[PDB]
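Scroll down for the structure; my scribbles are underneath it.
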Amino acid sequence: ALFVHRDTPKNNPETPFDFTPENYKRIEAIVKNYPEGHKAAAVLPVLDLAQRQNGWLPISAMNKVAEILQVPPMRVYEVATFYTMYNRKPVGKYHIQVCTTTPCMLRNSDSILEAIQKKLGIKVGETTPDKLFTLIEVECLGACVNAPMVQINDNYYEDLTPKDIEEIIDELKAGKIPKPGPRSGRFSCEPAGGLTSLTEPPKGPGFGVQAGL
Amino acid sequence: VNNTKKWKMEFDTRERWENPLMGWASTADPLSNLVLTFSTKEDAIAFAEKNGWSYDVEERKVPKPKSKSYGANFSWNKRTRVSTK
Amino acid sequence: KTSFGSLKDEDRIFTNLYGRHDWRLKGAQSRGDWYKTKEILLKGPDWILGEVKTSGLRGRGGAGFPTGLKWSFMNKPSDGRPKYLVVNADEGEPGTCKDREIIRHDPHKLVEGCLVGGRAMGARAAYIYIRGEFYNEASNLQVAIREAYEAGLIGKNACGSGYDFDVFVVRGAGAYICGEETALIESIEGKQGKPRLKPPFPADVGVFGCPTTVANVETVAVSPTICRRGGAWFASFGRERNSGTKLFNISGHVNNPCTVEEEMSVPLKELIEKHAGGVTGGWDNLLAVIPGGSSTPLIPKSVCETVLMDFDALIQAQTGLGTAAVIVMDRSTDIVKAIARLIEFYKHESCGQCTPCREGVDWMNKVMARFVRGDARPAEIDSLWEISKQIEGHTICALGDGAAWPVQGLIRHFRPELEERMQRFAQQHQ
Ligand SMILES: NC(=O)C1=CN([C@@H]2O[C@H](COP(=O)(O)OP(=O)(O)OC[C@H]3O[C@@H](n4cnc5c(N)ncnc54)[C@H](O)[C@@H]3O)[C@@H](O)[C@H]2O)C=CC1
Ligand SMILES: Cc1cc2nc3c(=O)[nH]c(=O)nc-3n(C[C@H](O)[C@H](O)[C@H](O)COP(=O)(O)O)c2cc1C
Ligand code: SF4
Ligand code: FES
């Protein structure tokens, strides 16, 4: 939660971080997306790549992203402390992100936050002692009509009841990976009692096309 | 820049020494706090010449107009890109 | 036309909005996408800009600037620099989840919109700044872009038109302020997502220093449908200066929270009770509606009975259209807790650059957190109003405005509930 760094023995510029060679080819493909002379534009993907290889960002991932992009290290420290995904502390293997803004608080995300707390025995910000679950409390994840919902590491688990998130946590402890979807009856975002629109078949190519084209 | 508006006449600083009793700054210079204020340079020169004071004039150092551009912080090909904001 | 709404399924742009069809290329070409794209590209930039100006399309990002007028800022000769279309796929607005549905379910429509729009504005490539939280949607979109390259639809000689055009996807990293177009530009350039000052507008100095148009996913994806179906088809929906169709996200205290494509000037009550199953506990259970996502002022039940869901009728209802994200709030809602949580969102999502937002949004969150408990006095309500009027208009981007407007709507429509909250705090703690 702090925004200054102190050298712990496990987080220092002598902490071993280095990319794998397939990640070096991924970094080459990232840097080829930007114009020649604006290599600094590859700070945000490559550093996020360092969060996918490692799980979190020590201050050797930041210095390595600084070194291989020829940017000053402060310009990577700013990006790492500005954007909320970059874990500058080690998180659990499953990083549970409960949305508690108004479209999800109105549909009782408080009960699900309480359910994850009384299930894992932890509270917001704490990591479980087996380092498998980190529970924090995030802002709008952009799945508002599927409220209430959580995010685990790539995935949105939507339309949740406390029993549904208890069951998702139960099968995350068992090793399997669940399906990122609404745990109610619907599929993505449709009205829950059947389609109020888009019931007719789509027309296809040529429909309604104006003359002179 | 409101203190850089009018011309000023001061004098050469003479000796300040330590009071033996209290350690204060003792002086023997009557004109040590005399700062005169003039609208233009020539009024100051005329007041110095009228009173028999040997003077020296430093000309007004005006700041030259700079070329300011906010979008120049975000250029395509120039070195004047800012690395942060 | 006088009454609006009840849009037909044949008049939909976002077919396969619900994920019920194949989002990949063989499904998309079977739904009208990528049809005669080369004939759109070959007719020049001026014809496409004229079809977008004819359609009356305004900015679906939420401010509603005229899209043809905005894209005609790029119709200017080359000064050596390349030109870039940049798709704003951030969508950090609470209430708003429509661009997630476009990217996840109609990705080839967005890719064809990138091609047609960048042809209109003479652009070289498309940087789709997608939200970092939308990972599955980003890989979904990348699969569609691979299908578009392998079919020769984009890239070298895009659709066989002799026009070179790339489509890139840059992922965000968790900042709502990176949906603001200049802060999104600064985020693509590898820096902190802090908004630039205007002018220079991004058409003059944009991404990397280049001429650049940032446009929303919806206002880009509906552009091949405007080019195929004609601009007059798109202008034949909604009121005048309120043309077209619109995605709506009705969430909160409705029976069936959903995304729906609907005609532009539809009534709010008809939209809620027709596509969302109405407010929970009946329409008499309605307390308030935030009409267009968190940044717009809320409107109470006595405004929601008659209001139309376009830009102008919501401006006349002293709110805004915004992202057309309808957050419905019933009578059981502590509305001060919801608005104070929304101000807490705006201080957590605020890049800290200029003084009035950086200081006053945290100061409004502290005042709103005391207003929830009632730990205040009524002379602090008007004071809070003044704080919002010192943040609104004086900031660099419109997140200060978007933080000021929920406070102003809550005060303007629920000052007596704040005053009774504070007086009952006073009489139960003294
Ligand atoms: N979709 C979402 O997730 C979110 C949307 N919003 C919406 O964003 C809106 C604010 O957006 P802004 O861009 O700050 O407002 P607006 O003042 O700036 O401008 C809208 C667009 O018109 C263009 N424009 C306007 N005047 C121009 C000129 N003279 N020259 C060149 N281009 C010009 C701008 O480049 C911009 O793209 C809010 O009203 C809100 O509804 C806010 C938060 C999240
Ligand atoms: C704080 C803030 C956040 C914004 N976020 C988004 C966004 O996530 N997506 C979006 O399309 N527009 C967003 N906008 C609006 C943009 O500034 C811009 O108007 C729009 O992205 C592109 O213009 P258009 O509406 O014509 O498409 C945001 C504006 C502000 C002030
Ligand atoms: S008002 Fe807030 S969001 Fe905008 S430039 Fe300033 S700190 Fe950033
Ligand atoms: S409010 Fe929770 S996802 Fe948007």
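All residue names refer to the structure tokens as shown: chains lettered A, B, ... in order, residues numbered from 1 in each chain, ligands numbered from 1 in order.
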
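DSSP annotation of chain B from backbone atoms: strand (DSSP E or B) residues are residues 7, 8, 9, 16, 17, 18, 25, 26, 27, 36, 37 and 38 of chain B.
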
Taking only C-alpha atoms and all ligand atoms into account, which residues are within 6 Å of ligand 2, as JSON, numbers by chain?
-> {"C": [59, 60, 61, 62, 63, 64, 65, 67, 88, 89, 90, 91, 92, 177, 179, 180, 181, 214, 215, 216, 219, 397, 398, 399]}

Using only C-alpha atoms and all ligand atoms, the best pick from C:116, C:235, C:279, C:338 as closest to ligand 4 would be C:338

Would you work out the distance separating atom CA of residue 253 of chain C from atom CA of residue 367 of chain C, expressed in Å to one decimal?
->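 Distance between the two atoms: 26.3 Å.
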
Please report as a Markdown table every residue of chain A lying within 12 Å of chain B, along with the nearest atom pair and their distance in Å (one decimal), using only C-alpha atoms.
```
| residue | atom | partner | partner_atom | distance |
| --- | --- | --- | --- | --- |
| A:35 | CA | B:76 | CA | 9.9 |
| A:36 | CA | B:77 | CA | 10.3 |
| A:37 | CA | B:77 | CA | 8.1 |
| A:38 | CA | B:76 | CA | 8.8 |
| A:39 | CA | B:83 | CA | 11.9 |
| A:40 | CA | B:83 | CA | 8.9 |
| A:41 | CA | B:83 | CA | 10.8 |
| A:71 | CA | B:83 | CA | 8.9 |
| A:72 | CA | B:83 | CA | 8.8 |
| A:73 | CA | B:83 | CA | 11.3 |
| A:74 | CA | B:84 | CA | 9.5 |
| A:75 | CA | B:84 | CA | 7.0 |
| A:76 | CA | B:84 | CA | 10.3 |
| A:77 | CA | B:84 | CA | 11.3 |
| A:78 | CA | B:84 | CA | 8.6 |
| A:79 | CA | B:84 | CA | 9.9 |
```

With C-alpha atoms retained, could you export that selection as a PDB file, in the first residue's frame?
```
ATOM      1  CA  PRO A  35       7.324   3.159 -34.028  1.00  0.00           C
ATOM      2  CA  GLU A  36      11.088   3.131 -34.280  1.00  0.00           C
ATOM      3  CA  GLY A  37      12.226   5.688 -31.733  1.00  0.00           C
ATOM      4  CA  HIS A  38       9.349   5.230 -29.279  1.00  0.00           C
ATOM      5  CA  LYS A  39      10.489   2.032 -27.570  1.00  0.00           C
ATOM      6  CA  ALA A  40       9.360   3.439 -24.181  1.00  0.00           C
ATOM      7  CA  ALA A  41       5.789   2.760 -25.373  1.00  0.00           C
ATOM      8  CA  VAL A  71      14.456   3.839 -20.381  1.00  0.00           C
ATOM      9  CA  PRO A  72      15.355   5.331 -16.991  1.00  0.00           C
ATOM     10  CA  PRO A  73      14.326   3.143 -14.032  1.00  0.00           C
ATOM     11  CA  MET A  74      12.224   5.915 -12.496  1.00  0.00           C
ATOM     12  CA  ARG A  75      10.054   5.876 -15.621  1.00  0.00           C
ATOM     13  CA  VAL A  76       9.307   2.215 -14.915  1.00  0.00           C
ATOM     14  CA  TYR A  77       8.784   2.860 -11.177  1.00  0.00           C
ATOM     15  CA  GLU A  78       6.143   5.466 -12.068  1.00  0.00           C
ATOM     16  CA  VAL A  79       4.302   3.015 -14.323  1.00  0.00           C
TER      17      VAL A  79
END
```

Counting only C-alpha atoms, which residues from chain A have an atom at most 8 Å from any atom of chain C, and could you show them as a ChimeraX atom specification?
-> /A:33,38,40-45,48,75,78-79,82-86,101-107,139-147,154-155,187-193,196-200,202-210,213

Quick one: of A:12, A:66, A:159, A:174, who's nearest to ligand 4, counting only C-alpha atoms and all ligand atoms?
->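 Of all the options, A:159 lies closest to ligand 4.
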
Could you give me, as a list in words, the residues within 10 Å of residue 111 of chain C, counting only C-alpha atoms and dropping anything in the same chain fewer than 4 positions from it?
-> residues 33, 34, 103, 106, 107, 115, 116, 117, 126, 128, 141, 144, 145, 148, 153, 154, 166, 167, 217, 220, 221 and 224 of chain C

Export of the given selection (C-alpha atoms) as an mmCIF file, in the first residue's frame:
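Final file, part_28.cif:
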```
data_model
loop_
_atom_site.group_PDB
_atom_site.id
_atom_site.type_symbol
_atom_site.label_atom_id
_atom_site.label_comp_id
_atom_site.auth_asym_id
_atom_site.auth_seq_id
_atom_site.Cartn_x
_atom_site.Cartn_y
_atom_site.Cartn_z
ATOM 1 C CA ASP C 33 -19.878 -7.975 -41.612
ATOM 2 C CA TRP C 34 -16.940 -7.573 -44.033
ATOM 3 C CA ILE C 103 -15.232 -6.809 -28.224
ATOM 4 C CA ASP C 106 -18.754 -8.744 -32.412
ATOM 5 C CA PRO C 107 -14.977 -8.307 -32.747
ATOM 6 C CA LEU C 115 -10.351 -0.274 -41.263
ATOM 7 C CA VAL C 116 -13.192 1.956 -42.511
ATOM 8 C CA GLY C 117 -12.557 4.720 -39.966
ATOM 9 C CA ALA C 126 -5.356 1.110 -35.218
ATOM 10 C CA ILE C 128 -7.098 -0.621 -29.711
ATOM 11 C CA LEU C 141 -10.191 -9.701 -30.247
ATOM 12 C CA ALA C 144 -10.459 -12.019 -34.692
ATOM 13 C CA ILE C 145 -7.552 -9.818 -35.843
ATOM 14 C CA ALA C 148 -8.749 -10.688 -40.443
ATOM 15 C CA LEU C 153 -8.972 -8.110 -44.775
ATOM 16 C CA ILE C 154 -6.392 -5.907 -43.012
ATOM 17 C CA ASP C 166 -2.580 -2.409 -39.220
ATOM 18 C CA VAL C 167 -4.637 -3.152 -36.116
ATOM 19 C CA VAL C 217 -15.706 1.020 -29.634
ATOM 20 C CA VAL C 220 -16.281 2.866 -34.553
ATOM 21 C CA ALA C 221 -18.116 -0.459 -34.817
ATOM 22 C CA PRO C 224 -19.364 0.035 -41.448
#
```

Using only C-alpha atoms and a distance of at most 10 Å, pull out the residues of chain B that contact chain C, as a compact mmCIF listing (two decimals) with N, CA, C and O atoms, in the first residue's frame.
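Wrote part.txt, looks like this:
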```
# COMPACT_ATOMS: atom_id res chain seq x y z
N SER B 69 5.51 26.04 -25.65
CA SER B 69 4.57 25.23 -26.41
C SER B 69 4.30 23.97 -25.60
O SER B 69 5.24 23.25 -25.25
N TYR B 70 3.03 23.71 -25.29
CA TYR B 70 2.71 22.53 -24.50
C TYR B 70 2.81 21.26 -25.33
O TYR B 70 3.25 20.23 -24.82
N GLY B 71 2.42 21.31 -26.60
CA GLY B 71 2.50 20.14 -27.46
C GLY B 71 3.90 19.75 -27.84
O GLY B 71 4.13 18.61 -28.26
N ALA B 72 4.86 20.67 -27.67
CA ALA B 72 6.27 20.36 -27.88
C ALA B 72 6.79 19.36 -26.86
O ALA B 72 7.80 18.71 -27.12
N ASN B 73 6.11 19.20 -25.72
CA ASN B 73 6.41 18.13 -24.78
C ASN B 73 6.10 16.75 -25.34
O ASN B 73 6.50 15.76 -24.72
N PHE B 74 5.38 16.65 -26.45
CA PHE B 74 4.90 15.39 -26.98
C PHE B 74 5.24 15.29 -28.45
O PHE B 74 4.38 15.00 -29.28
N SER B 75 6.48 15.58 -28.80
CA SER B 75 6.81 15.69 -30.21
C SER B 75 7.02 14.31 -30.83
O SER B 75 7.12 13.29 -30.14
N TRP B 76 7.07 14.28 -32.15
CA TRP B 76 7.31 13.03 -32.87
C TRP B 76 8.78 12.69 -32.95
O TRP B 76 9.17 11.54 -32.70
N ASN B 77 9.61 13.66 -33.29
CA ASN B 77 10.97 13.41 -33.69
C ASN B 77 12.00 14.25 -32.96
O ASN B 77 13.20 14.05 -33.17
N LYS B 78 11.57 15.18 -32.11
CA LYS B 78 12.48 16.07 -31.41
C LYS B 78 12.83 15.52 -30.04
O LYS B 78 12.13 14.68 -29.48
N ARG B 81 10.62 15.89 -26.16
CA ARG B 81 9.64 15.07 -25.46
C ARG B 81 9.98 14.96 -23.99
O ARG B 81 11.13 14.71 -23.62
N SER B 83 9.90 12.83 -20.61
CA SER B 83 9.85 11.40 -20.31
C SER B 83 8.74 11.05 -19.33
O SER B 83 8.43 9.87 -19.18
N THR B 84 8.14 12.05 -18.69
CA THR B 84 7.06 11.85 -17.74
C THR B 84 6.32 13.16 -17.59
O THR B 84 6.74 14.20 -18.09
N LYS B 85 5.22 13.10 -16.85
CA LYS B 85 4.32 14.24 -16.72
C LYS B 85 3.61 14.24 -15.37
O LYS B 85 4.25 14.26 -14.32
```

All residues 6 Å or closer to segment 29-38 of chain B, only C-alpha atoms, same chain fewer than 4 positions away omitted, as a ChimeraX atom specification | /B:6-10,44

May I have all residues of chain B that DSSP, computed from the backbone, assigns to alpha helix (DSSP H), given as number ranges by chain?
-> B: 41-50

Prev. selection, C-alpha atoms, output as an mmCIF file, in the first residue's frame:
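Output contents, as saved in result-v6.cif:
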```cif
data_model
loop_
_atom_site.group_PDB
_atom_site.id
_atom_site.type_symbol
_atom_site.label_atom_id
_atom_site.label_comp_id
_atom_site.auth_asym_id
_atom_site.auth_seq_id
_atom_site.Cartn_x
_atom_site.Cartn_y
_atom_site.Cartn_z
ATOM 1 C CA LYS B 41 17.534 55.222 -13.946
ATOM 2 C CA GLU B 42 18.147 58.873 -14.800
ATOM 3 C CA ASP B 43 16.329 60.122 -11.699
ATOM 4 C CA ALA B 44 18.710 57.984 -9.636
ATOM 5 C CA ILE B 45 21.732 59.275 -11.562
ATOM 6 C CA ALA B 46 20.548 62.869 -11.124
ATOM 7 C CA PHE B 47 20.008 62.368 -7.393
ATOM 8 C CA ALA B 48 23.488 60.867 -7.021
ATOM 9 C CA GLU B 49 25.131 63.668 -9.011
ATOM 10 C CA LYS B 50 23.144 66.289 -7.095
#
```

Using only C-alpha atoms, which protein or nucleic acid residues come within 12 Å of residue 2 of chain C? Drop anything in the same chain fewer than 3 positions from it, and give the result as an mmCIF file with N, CA and C atoms, in the first residue's frame.
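Listed below is the output, out05.cif:
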```
data_model
loop_
_atom_site.group_PDB
_atom_site.id
_atom_site.type_symbol
_atom_site.label_atom_id
_atom_site.label_comp_id
_atom_site.auth_asym_id
_atom_site.auth_seq_id
_atom_site.Cartn_x
_atom_site.Cartn_y
_atom_site.Cartn_z
ATOM 1 N N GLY C 5 -38.362 4.388 -29.755
ATOM 2 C CA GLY C 5 -38.243 3.091 -29.134
ATOM 3 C C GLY C 5 -38.888 2.024 -29.995
ATOM 4 N N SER C 236 -32.481 8.064 -39.566
ATOM 5 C CA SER C 236 -33.922 7.856 -39.473
ATOM 6 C C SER C 236 -34.371 7.284 -38.132
ATOM 7 N N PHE C 237 -33.478 7.160 -37.155
ATOM 8 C CA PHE C 237 -33.824 6.744 -35.805
ATOM 9 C C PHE C 237 -33.491 7.868 -34.834
ATOM 10 N N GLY C 238 -34.224 7.927 -33.724
ATOM 11 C CA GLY C 238 -33.995 8.951 -32.721
ATOM 12 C C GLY C 238 -34.430 10.345 -33.130
ATOM 13 N N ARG C 239 -34.359 11.300 -32.205
ATOM 14 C CA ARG C 239 -34.755 12.664 -32.518
ATOM 15 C C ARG C 239 -33.672 13.349 -33.347
ATOM 16 N N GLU C 240 -33.950 14.579 -33.755
ATOM 17 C CA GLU C 240 -32.992 15.343 -34.535
ATOM 18 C C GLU C 240 -31.874 15.838 -33.624
ATOM 19 N N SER C 265 -33.976 7.744 -28.832
ATOM 20 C CA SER C 265 -34.774 8.597 -27.955
ATOM 21 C C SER C 265 -35.878 7.826 -27.259
ATOM 22 N N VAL C 266 -35.602 6.583 -26.889
ATOM 23 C CA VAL C 266 -36.561 5.732 -26.175
ATOM 24 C C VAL C 266 -36.841 6.333 -24.801
ATOM 25 N N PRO C 267 -38.061 6.234 -24.279
ATOM 26 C CA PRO C 267 -38.288 6.624 -22.886
ATOM 27 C C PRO C 267 -37.565 5.700 -21.922
ATOM 28 N N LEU C 308 -36.698 11.105 -22.035
ATOM 29 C CA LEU C 308 -36.198 10.372 -23.190
ATOM 30 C C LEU C 308 -34.702 10.135 -23.037
#
```
